[PDB]
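# Structure assessment
Spelled out, the chains give:
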Amino acid sequence: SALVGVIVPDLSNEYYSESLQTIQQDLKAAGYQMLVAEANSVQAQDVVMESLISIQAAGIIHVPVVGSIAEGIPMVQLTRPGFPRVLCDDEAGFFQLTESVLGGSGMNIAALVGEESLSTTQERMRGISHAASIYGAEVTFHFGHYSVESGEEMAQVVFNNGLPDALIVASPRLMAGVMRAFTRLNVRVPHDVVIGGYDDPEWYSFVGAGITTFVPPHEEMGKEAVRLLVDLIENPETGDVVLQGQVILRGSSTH
Amino acid sequence: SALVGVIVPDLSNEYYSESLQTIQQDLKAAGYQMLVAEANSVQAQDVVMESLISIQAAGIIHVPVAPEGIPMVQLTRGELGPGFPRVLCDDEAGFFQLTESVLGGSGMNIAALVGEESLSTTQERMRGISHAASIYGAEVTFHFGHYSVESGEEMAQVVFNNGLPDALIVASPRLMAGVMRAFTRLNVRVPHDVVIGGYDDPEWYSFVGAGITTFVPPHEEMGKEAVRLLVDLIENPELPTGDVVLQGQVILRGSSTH
């Protein structure tokens, strides 16, 4: 087959769709056609995997789910030993992001993050905690899902308990929820709270004086995932590549 | 054999990706696996289609721009014939209702930001806007472009430079993102300076410009209907299935009232 399957947790999520365009272009140039599947659970991923094995696909680029084991098929893991991975430096990125919202000591930060057990969450937490420690700030982590509903819920909790000086939000979907709740509660950004976010959907540029954000290198990650998979197909038997994103400074993080 | 191909023109467009979750769930309930591909040209569509013949797919759901043997449902456009059912949205109705909700009085100015004029969907959208304007005696200036943020930025500058109308109508969330970036840079207040009506419903519509009043196409309904029509074709190819025209809804928020 000149066929490569790409498995993502969620097609509607803007985070995963950004890389797909650059993945497809680079797969086409290599002589491969891209088919995308969506799998958020073990059974869904198991069914997708055996579908791609039955087609006899040339390779698989995927975002793995906990509890799943894939065999005899070149495979590159995205975002998170037997297979090469392409990762983002989330620790360093959330370190810098947290530093950008902090100006002084004796300050409070609330960090809205995902499921605690994910290695990605652990990396982000380590960055946030380190920046908060060195600046003499204290962080409270709230664990949710990457969804607008979770975002709205956690932002309402944060408001009711007395707003912190700073908010770190580890997802654009959580960020949309935060902004929905803050508009409803007349919370002014950056007047009442400074905010740091993740990724860069277009709307970041035109709310909260511009959302200061850590942006992972989506295009580079896709190129590198294709580059590594093509190398795995041609040269049968390599490790992880960790790429640096950038913090874009805007109005939300300062007074 | 348990695999259904879904072909969209652009995966990163929220118009096409919003029905995908529904399509997947409903295919799964019918015992089918979804595989998505992207094809925006005739050459890309052909390669994608012959790939699905090689897989021997049970069915195809696609936005066309089409080989036989495999059951297919068409979304938003395509050939009208027996064995080729189409799920369609009523764009004329939506944009008529959207324009109405934005107009408050008579003789007012409306600017409308739309796609390529040649497109059959754009034609239907203009109809709704022009007819709504007629009833309210309003005049409409049609600005054409592409469904992209840059186009929406460019066009909104021109609109601001030539004097702001009473009302603005925007036919894409990507264009609306362009308009709001331009309006932020040019210090334009919504709905105080201009009133605005938009298209579809990304989450950010709810928290900018006092909430963007919008016409939302029925994404979930389109997804449910397309799987239903495909299962109809797979199980009973002798039974007919025509076009389904679906109606969306206008959500009223703060951007369209002074």
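Residues numbered from 1 in each chain as written, not as in the entry; some residues may be left out. Chains lettered and ligands numbered in written order. Heavy atoms only, no water.

For this deposition, the record names X-ray crystallography as the technique by which the model was determined and cites 2.30 Å as its resolution.

## Some words on the overall build of chain B
Keep this limit in mind: Runs of E in the DSSP output that reach at least two residues are strands. Runs of H or I that reach at least four are helices, and both are numbered from the N terminus. Atoms counted for the radius of gyration: C-alpha only. Globule rule: 2.2 Å times the number of residues to the power 0.38. Each residue gets one of three labels from its accessible area relative to the maximum for its type: buried under 20%, exposed over 50%, partly exposed in between, using a 1.4 Å probe on protein chains only. Accessibility throughout is a Shrake-Rupley quantity obtained with a 1.4 Å probe, and a residue counts as covered only by protein chains that appear here. By the counting scheme adopted, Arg and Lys are positive, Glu and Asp are negative, and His together with the chain ends is not counted. For charged residues, the charge sits on one atom: NZ in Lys, CZ in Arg, CG in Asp, CD in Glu.
Helix and strand content of chain B: 8 helices and 12 strands. Relative to the globule expectation of 18 Å for 258 residues, the C-alpha radius of gyration of chain B, 20 Å, shows essentially globular dimensions. The dimensions of chain B, computed from C-alpha atoms along their principal axes, are 60 × 35 × 30 Å. Counting the 258 residues in chain B, one finds 55% classified as buried. With an accessible surface of roughly 10,900 Å², chain B has 48% of that area assigned to carbon and sulfur atoms. Of note, chain B has its 12 positive side-chain charges centred 6 Å away from the centre of its 32 negative side-chain charges.

## Describing the domain arrangement of chain B
Residues and elements named next belong to chain B. Basically, it comes down to this: Segment limits for the domains were obtained from an automatic or database-derived domain assignment. Note on contacts: a residue pair is in contact if any heavy atoms of the two residues lie within 4.5 Å. Once two parts are joined, some of their accessible surface, as seen by a 1.4 Å probe, is lost; buried area is that loss totalled over both. Each reported salt bridge corresponds to a side-chain nitrogen of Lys or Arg within 4 Å of a carboxyl oxygen of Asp or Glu. Identification of polar contacts relies on pairs of N or O atoms within 3.5 Å, with a donor-acceptor requirement for protein atoms, meaning one able to donate a hydrogen and the other able to accept it, and with residues adjacent in sequence counted only if both atoms are side-chain atoms.
Domain assignment breaks chain B into domain 1 (1-90 + 217-248) and domain 2 (91-216 + 249-258). Relative to domain 2, the C-alpha centre of domain 1 lies at a distance of 30 Å. Residue-level contacts link 13 residues of domain 1 with 14 residues of domain 2. In this assembly, domain 1 packs against domain 2 so that about 1,000 Å² is buried in total across both faces, 42% of it on carbon and sulfur atoms. On the domain 1 side of the interface with domain 2, the three residues burying the most area are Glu14, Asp90 and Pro217, jointly 49% of the side's total. Counting the contacts that link domain 1 with domain 2 gives 1 salt bridge. Residue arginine 174 pairs with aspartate 10 through a salt bridge whose shortest N-O separation is 3.0 Å. Taken together, the links from domain 1 to domain 2 amount to 5 residue pairs in polar contact.

## Observations regarding the packing of helix α1 (residues 14-30) of chain A against helix α7 (residues 218-234) of chain A
Residues and elements named next belong to chain A. Put simply, the rule is: Each axis is a line fitted through C-alpha atoms, taken for helices only over the stretch in contact, and angles between the N-to-C directions span 0 to 180 degrees. Roughly parallel means an angle under 35 degrees; roughly antiparallel, over 145; roughly perpendicular, 65 to 115; everything else is oblique. The sense of a crossing depends on the near helix, which, turned anticlockwise from the far helix by less than a right angle, makes the crossing left-handed and, turned clockwise, makes it right-handed. Here the nonpolar group is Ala, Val, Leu, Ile, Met, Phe, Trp, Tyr, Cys and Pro; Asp, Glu, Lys and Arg are the charged ones; every other residue, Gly included, is treated as polar.
Across the interface, α1 lies against α7 with an axial gap of 8 Å and an inter-helix angle of 40°. Relative to α7, the element α1 lies oblique. When you trace α1 past α7, the crossing you get is right-handed. Mapping the contact onto sequence places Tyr15, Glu18, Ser19, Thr22, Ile23, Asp26, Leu27 and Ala30 in α1 and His218, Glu219, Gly222, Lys223, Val226 and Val230 in α7. When grouped by side-chain class, the residues that make up the contact of α1 with α7 number 6 nonpolar, 4 polar and 4 charged.

## Focus: the pattern of salt bridges
Tallying each qualifying case throughout the model produces 18 salt bridges over all chains. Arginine 126 of chain A is the partner of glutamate 91 of chain A in a salt bridge, and the nearest nitrogen-oxygen pair spans 2.8 Å. Highlighted residues: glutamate 91 of chain A in helix α3 (residues 90-101) and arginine 126 of chain A in helix α4 (residues 119-134), separated in sequence by 35 residues. Looking at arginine 126 of chain A, the relative accessible area reads 46%, which means it is partly exposed. Residues participating in the shared-partner salt-bridge network are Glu202 of chain A together with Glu153, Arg181 and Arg185 of chain B.

## Brief notes about the sheet that holds strand β10 (residues 212-215) of chain A
Residues and elements named next belong to chain A. To keep things clear, this is the line we draw: If DSSP finds at least two bridges between two strands, the strands pair.
The strand order β7-β6-β8-β9-β10-β12 describes an open sheet built from 6 strands, whose pairing is mixed. Two strands close off the open sheet at either side, each with one partner strand: β7 (138-143) and β12 (246-248). Each neighbouring strand pair of the sheet contributes to a mean axis angle of 15°, computed without reference to strand direction. As paired elements, strand β9 (residues 194-198) and β10 share 3 bridges and run parallel to each other.

## Some points on the packing of aromatic side chains
The test is simple: Pairing of aromatic rings covers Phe, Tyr and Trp, the last through its six-membered ring, and needs centres within 6.5 Å; plane angles under 30 degrees mean stacked, over 60 mean edge-to-face, and all others mean tilted.
Applying the stated rule across the entire model yields 15 aromatic pairs over all chains. Relative to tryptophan 204 of chain B, the ring of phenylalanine 206 of chain A has its centre 5.2 Å away and its plane inclined at 75°; by these criteria the two rings are edge-to-face. Placement of the pair is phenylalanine 206 of chain A in the loop between β9 and β10 and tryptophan 204 of chain B in the loop between β9 (195-199) and β10 (213-216), with the two residues belonging to separate chains. Judged by relative accessible area, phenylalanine 206 of chain A falls into the buried class, the value being 9%. Here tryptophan 204 of chain B falls in the buried class, since its relative accessible area comes to 8%. Between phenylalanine 95 of chain B and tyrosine 199 of chain B, the aromatic rings sit 5.4 Å apart at their centres with planes inclined by 25°, giving stacked as the arrangement. Taken as a pair, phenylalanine 95 of chain B in helix α4 (residues 91-102) and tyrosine 199 of chain B in strand β9 lie far apart in primary sequence, 104 residues in all.

## Side note on the interface of chain A and chain B
Contact with chain A, which involves 28 residues of that partner, is made by 28 residues of chain B. Together chain A and chain B conceal approximately 2,600 Å² of surface at their shared face, both sides included; 63% is due to carbon and sulfur atoms. Ranking the residues of chain A by area buried against chain B places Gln21, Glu38 and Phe206 of chain A at the top, with a combined share of 22%. Our count for the contact surface shared by chain A and chain B stands at 2 salt bridges. Here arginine 181 of chain B ties to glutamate 202 of chain A by a salt bridge, and the two come within 3.7 Å at their closest N and O atoms. For the interface between chain A and chain B, the tally reads 8 residue pairs in polar contact. Of all the secondary-structure elements, those providing two or more residues to the side of chain A that touches chain B are α1, β2 (33-38), α2 (42-55) and α6 (172-184) of chain A. Top contributing element to the side of chain A that touches chain B by residue count: β2 of chain A, with 6 residues.

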